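One chain is shown next in structure tokens, namely the form deposited in one PDB entry.
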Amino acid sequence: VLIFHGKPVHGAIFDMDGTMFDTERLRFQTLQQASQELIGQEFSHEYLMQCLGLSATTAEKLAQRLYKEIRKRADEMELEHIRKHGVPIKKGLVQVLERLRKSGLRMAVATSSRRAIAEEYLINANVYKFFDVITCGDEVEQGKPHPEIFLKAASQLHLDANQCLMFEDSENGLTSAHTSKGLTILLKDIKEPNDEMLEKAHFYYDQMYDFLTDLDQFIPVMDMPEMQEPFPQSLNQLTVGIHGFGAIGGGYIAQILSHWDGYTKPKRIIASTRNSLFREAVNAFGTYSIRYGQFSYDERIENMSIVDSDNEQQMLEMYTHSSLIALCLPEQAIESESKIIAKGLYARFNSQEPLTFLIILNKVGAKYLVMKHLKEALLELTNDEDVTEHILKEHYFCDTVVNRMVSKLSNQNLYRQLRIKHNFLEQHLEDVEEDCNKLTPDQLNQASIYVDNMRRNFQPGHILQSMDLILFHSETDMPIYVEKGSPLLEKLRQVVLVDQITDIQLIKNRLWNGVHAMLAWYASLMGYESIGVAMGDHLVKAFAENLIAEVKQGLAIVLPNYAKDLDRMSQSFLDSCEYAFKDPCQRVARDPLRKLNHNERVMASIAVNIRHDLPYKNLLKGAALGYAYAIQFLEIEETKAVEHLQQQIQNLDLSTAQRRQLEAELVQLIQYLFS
């Protein structure tokens, strides 16, 4: 029992032609072209405008005052257009229908078109499942604008008309809906609403999507998804983007966008990568799976279009058509990719709803860096300060905090997977090598041809029922934390809106990412290649716990308001580390020098503890292990490591006495590790 603007709704009856689908425009074209062939000259435009929401029987009566053979030819032309291009579905239909269905409303269709035509489009559009009963032009005795068709629809749902919502495009159908004494809703299609029409209608909207927005405030927002909870079955017409198909982009964001609002799912998810093996593998399979090792669960992500990042046309296609885009690149990529972001947003402006831009980046002040490089890139191309400041203030640029640890598969391990699975496909192909069922011989013979070439195309792909494409190892952490602003994010299930995200990003940097990097450097040098296995060692676990203690003690002084929550945050981190067996130390230890910057997850904590006279013994060891890892494993040269060490210690907000002691204590500890 839905309450739409303080009115109790039990059902929802829809018109098909012009309200659900844009087939009313096509009938205009076909009836004109059909009239030309039969009776030489086209029909009057006023005749067609008066034959909106009228049955072929009712429309025939008007024609005689000025048809069956013309309409038959026009219907044949109309069908052929639908058989090629598909049913032109009004944007927001599938999104509306699902919300009304899950609200528990008894839904139906009341269309002037006959059952043979009505069911053909409803099945093609794939919206026939949403309706309990349908009323056609054949079923009704007295057609529109008589309310019989809408009364019969309400009666078959076992409800009264006044309890049911009624959608319509035409003036005749609106009268048919209004005279029935139901909650009429008018949607503009191919006629400017009259004073007569706008008075009858209880509610009016310019598009179907305008009603969806109004309805959505009465529809409940769904809660955080559970791990193995299915995605929505029904697809909307919205596209979404993933600027960087890597660990977090493919192994987390793709799940968030796949869950969406829980009513509908994006039609297409466009993901960008220069890794050709990953690109060609996904596009070949048609899907890829995220592996959750904890529960040995493979999560199949579908409707994925993997494109080249260098390919300009495909990247512009993302930024023009996508409702929401997620930037999933590291610091190094921000400067170069900002030019492709700028070119995409300028193409969106040149084209005819505001974009929601998620920034996934492990850095304090991540948005400042992205927005700085974007403005510089835009100004260089646009050469106009008026168009740039508009674009920057038009779209929602959102800071995020992602706690989920995700690992990308190596190209050797992806090749190993493809090699093993290709052998099964080859063997499957070697294994691969109607009577009379109350149908006509013509239908039976036609059915045989359909099933034969359907088997021919599908049968090789039967192996995909069991066979998955594993590209990502991810932990089971669901909720993503994002800034307030974007109205879209309010309705997304997996998104949790926060206020002071800067404070959370700081704790995330120092307490999580910092301890993660330092214990990974300690684990790497001890010979461990797995974070999960490394945390099994008493020394590695003790080191991480000692670091956590030193970091939290400093964060408590800088953020006393967050001091209360530090224990559960530090514990939540260790829990995620303890059994991270598939997460390699390599990817956690990557870019040591970047992480050893003066305002980053290591040196920033050391500085805080020095100022407030707090113990930083273990923090200093982690820094030494950072430079030790860089010189030994990555081979950067010692002279570079010192030039970095000396420069960052110079930038630290400390006294000259504290600067030289830190440099002396650190450089001595680095030499101690080597000899």
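In this text, residue numbers run from 1 along the sequence as written. Here, rigid core means the biggest group of C-alpha atoms that superpose within 1.5 Å across both forms.
This protein has a second form, the form deposited in another entry, left out of what is shown; the following refers to that one.
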For the list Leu425, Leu277, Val533, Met371, which one shows a CA move of 2 Å or more between this form and the one not shown after the core is fit? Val533
Taking the rigid core as the superposition reference, indicate whether the CA of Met197 shifts 2 angstroms or more between this form and the one not shown. no
For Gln505, is the CA shift between this form and the one not shown at least 2 Å following rigid-core superposition? yes
At a 2 Å cut-off on C-alpha positions, does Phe581 qualify as shifted between this form and the one not shown after fitting the rigid core? yes
How does the C-alpha distance between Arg568 and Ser474 change in that other deposited form compared with the present structure, closer or farther, given a change of 3 angstroms or more? closer
Did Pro584 and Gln294 drift closer or farther in that other deposited form, going by a CA distance change of 3 angstroms or more? farther
